[PDB]
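Asks: Would you mind keeping the following structure in view while I ask a few things?
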There are 2 protein chains.
Amino acid sequence: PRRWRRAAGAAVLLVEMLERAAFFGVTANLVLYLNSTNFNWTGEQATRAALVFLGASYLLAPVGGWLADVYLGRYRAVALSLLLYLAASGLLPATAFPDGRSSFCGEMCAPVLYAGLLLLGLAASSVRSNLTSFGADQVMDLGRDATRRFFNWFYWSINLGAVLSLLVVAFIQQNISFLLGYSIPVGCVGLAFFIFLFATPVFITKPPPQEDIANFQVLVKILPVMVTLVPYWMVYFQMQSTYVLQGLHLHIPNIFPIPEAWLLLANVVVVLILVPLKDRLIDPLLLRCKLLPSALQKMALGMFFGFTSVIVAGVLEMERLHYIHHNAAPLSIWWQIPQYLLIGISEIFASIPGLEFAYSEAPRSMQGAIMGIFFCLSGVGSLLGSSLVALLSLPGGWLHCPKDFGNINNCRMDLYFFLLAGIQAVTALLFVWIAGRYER
Amino acid sequence: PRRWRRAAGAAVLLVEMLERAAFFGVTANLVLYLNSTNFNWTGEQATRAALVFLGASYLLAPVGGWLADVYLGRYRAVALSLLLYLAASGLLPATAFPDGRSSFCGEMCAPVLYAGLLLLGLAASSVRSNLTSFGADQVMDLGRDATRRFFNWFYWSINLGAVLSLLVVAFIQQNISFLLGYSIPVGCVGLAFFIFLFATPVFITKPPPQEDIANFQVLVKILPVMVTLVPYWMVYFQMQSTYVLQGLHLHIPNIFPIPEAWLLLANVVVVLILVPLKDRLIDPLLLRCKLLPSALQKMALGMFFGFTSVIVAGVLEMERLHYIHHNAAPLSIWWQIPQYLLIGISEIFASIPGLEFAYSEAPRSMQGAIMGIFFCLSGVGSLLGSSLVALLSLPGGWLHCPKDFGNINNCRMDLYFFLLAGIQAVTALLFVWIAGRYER
């Protein structure tokens, strides 16, 4: 933050959002190619595979980020991750040209796609973690309140990138043609790379025994606060789709003139609108009223808000069943915005304070490793939630509600929501206990 | 515990259970007299008034116990409380003889009954608190593990006294006559007084500025751990009758050949059977496995078990509604024993560890005052739960379920149980946070 800290922050947000846009675009492209050409298994997949692949990328995040911050530094880490992303996008014409497929699976299609997906996930996770490290370093050199404001703006920028990614890739790859849909990801990657390189003067670079052993004493005390986050992220990730399912069971209103995937972007626009209001209002009052939420009580309050959101969701579910018992209806579809706002509040109070706390136990030897493992927490939670949903769907029944739009089945939505509330409350109690042990 | 510590403990348990028996008997007698003779308001009461009067006695407990332990000592405190109880039982023949009523409300019935009830509550609360103080002193002079064992046995003895009280007063006052029903309470009071006086050699008596101010520093830090217990006791006390209501909505089975009040005694026999098993099994394993629940994590685990019991109750409620939706039935009435056992586990892990912790912050200047205020917590919780039930019954509807046996009304049992689970989870989170602050 020498003189253009606003410019540096804007460049970081732009490159992050463009990287996310390219990530979603190339993932959708390769998934469509795999489902299309031969790929004997065909993946048996048409939608939602993007979520599980993002979870796998977060799963690969810890080791890749650790390698980046140990044997590559911090600037070379993002440079090489973006170069590997260029390699993936230059492999993309092989997906485009039929000669590429003929040369790939005409000999020893599947293995090359596996290698490309692995490299793509590694590069995306590494660049995300190291961009977070760069931004945190710059704004910690700027100021602590500035650090919190930048973290909120960074999460908001990630959400904005996800929204723009979804809309732009859908429009380009479904409206005009395919070659433009191939040049758009490489184009945004190239312009983000040029933005990054143009911002290298204002960016501050950093250089890459008993101290390593002492770091294990920090790891063994900071891990329990983060492993207990796995159940919370699990609950939140299945809620992310259960809210969409609940809205699908309701009668959508017709006001002011893909629908099933639109609620996923609604959950993102909710955060897109809360973070500005939060940044401009809550922080000044949270500083003048002296609540003293020193990066851990904020997280506990976020998970308490998540529990309250589950409470509101269960109340709405029981209200829906009560109307059916009265003797199909919107069932107060306009009463889902309060619970969506509550879950967005929980998300913003658990992610940004989570990053801030992960940088409280930062010490600069493996600062990116802790970010990689924190994102691995969310990845593990999403993957385990998806596995639980699959287990309760086909043989379970609890998650088989979408079939027959939840008319006659063993849906047990009330039971699922109540058990989810119990799990969230147990997670909150564990988090409070572990936080109490942490300060000791 | 010189040589007959078993005898001293048995005498304390016997006098406590007999005092509770006389308490219930005389309360029922005076309530019946008030409802019967004229008492223009008539109380508008036939049953459940005993619970609210016990709550009022606990409400009077703090000030009376503080007076007892400040201006009377500890042995004179129980002596004078039992003497006041003798005064109440000697006022009882005025209730019996019509000449007593004619002399009471033939001039300036109501005021004398009010004074008698006030004195009875004061004496009962004072003797309960000071008996607890005596037992704790003796067994703390014996041993800490012995102190926990004695606390468990003391709660078990209170439950046994309640059961024997209910059965004996019902049988005597409904089967044979009234004069025997009048001599039974005075008889058990007299024999308990003689047991107490006969045990005075083995009993160890104790004698009755800046230190008082320093006690306020202890009070301001031990109160928050106990005020947060008010919501928990509130939830548990309305659960104590909501479980009975739920069992009433079920089809009772006919196996091995007042019914609505029998579940109240079932909730007591559940504790009557858990405390022996708990004492004989859990404590040795809790000491060999080294869980280290130093009188506070035990309380947190008790309230977590209470939350789990609410979870099981909600699961059962949703199961009951699901069968109705399937298209009255027992609805797994035998599946209420697990939730009753879980609520008994919560009660035993929240009361006995609660007493043990209240004696951890004992320092011997107002040791009985903290016991009086701890019982005042339960009294306030019971009274507030009863007020909430009344508010949700007549105009609310949530507690109006008993009318028409919950067939067609605004019962909202699912909503009530889910909101109760939310309140219990919030109470648990507050208790964990306050406990974390307590050790600091």
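Residue numbers start at 1 in each chain; chains themselves are named A, B, ... in the order of the structure tokens; ligands are numbered from 1 in the order shown.
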Chain A residues within 8 Å of chain B, counting only C-alpha atoms: which ones, as a list in words?
Replies: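 Taken together, these residues fit the definition: residues 308, 311, 314, 315, 318, 325, 414, 415, 418, 419, 422, 425, 428, 429, 432, 433 and 436 of chain A.
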Asks: Fewer than 6 positions away in the same chain doesn't count, so skip those; otherwise give me all residues within 8 Å of residue 60 of chain A, counting only C-alpha atoms, as JSON, numbers by chain.
Replies: {"A": [121, 122, 125, 376]}
Asks: Go through segment 190-368 of chain B and collect every residue that DSSP, computed from the backbone, puts in helix (DSSP H, G or I); the answer should be as a PyMOL selection string.
Replies: chain B and resi 190-198+210-227+229-248+262-288+297-326+333-358+367-368
Asks: Given only C-alpha atoms as the basis, pick out the residue of A:30, A:295, A:258, A:127 nearest to residue 372 of chain A.
Replies: A:127
Asks: Could you give me, as a ChimeraX atom specification, the residues within 9 Å of segment 334-349 of chain A, counting only C-alpha atoms and dropping anything in the same chain fewer than 6 positions from it?
Replies: /A:152,155,236,243,247,253,266-268,270-271,274-275,278,298-313,316
Asks: Please compute the atom CA of residue 215 of chain A-atom CA of residue 363 of chain A distance, one decimal, in Å.
Replies: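 About the pair atom CA of residue 215 of chain A and atom CA of residue 363 of chain A: they are 8.6 Å apart.
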Asks: Expressed in Å to a single decimal, how great is the separation between atom CA of residue 408 of chain B and atom CA of residue 250 of chain A?
Replies: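 Distance between the two atoms: 25.8 Å.
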Asks: Within 9 Å of segment 41-54 of chain A, counting only C-alpha atoms, which residues show up once you throw out same-chain ones fewer than 5 positions away? Write them as number ranges by chain, please.
Replies: A: 24, 27-28, 31-32, 34-36, 59, 121, 379, 382-383, 386
Asks: Please report the interatomic distance between atom CA of residue 75 of chain A and atom CA of residue 63 of chain A in Å with one decimal.
Replies: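 Value for the atom CA of residue 75 of chain A-atom CA of residue 63 of chain A distance: 17.5 Å.
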Asks: If we count only C-alpha atoms, what is near residue 157 of chain B at a cut-off of 9 Å, once residues fewer than 6 positions away on the same chain are taken out, given as number ranges by chain?
Replies: B: 13-14, 16-17, 272
Asks: Residues within 10 Å of segment 86-102 of chain A, please, as JSON, numbers by chain. Count only C-alpha atoms; anything in the same chain fewer than 4 positions from it doesn't count.
Replies: {"A": [22, 26, 29, 30, 33, 34, 37, 80, 81, 82, 106, 107, 109, 110, 112, 113, 115, 116, 117, 118, 119, 120, 123, 178, 179, 182, 183, 185, 186, 187, 189, 190, 193]}
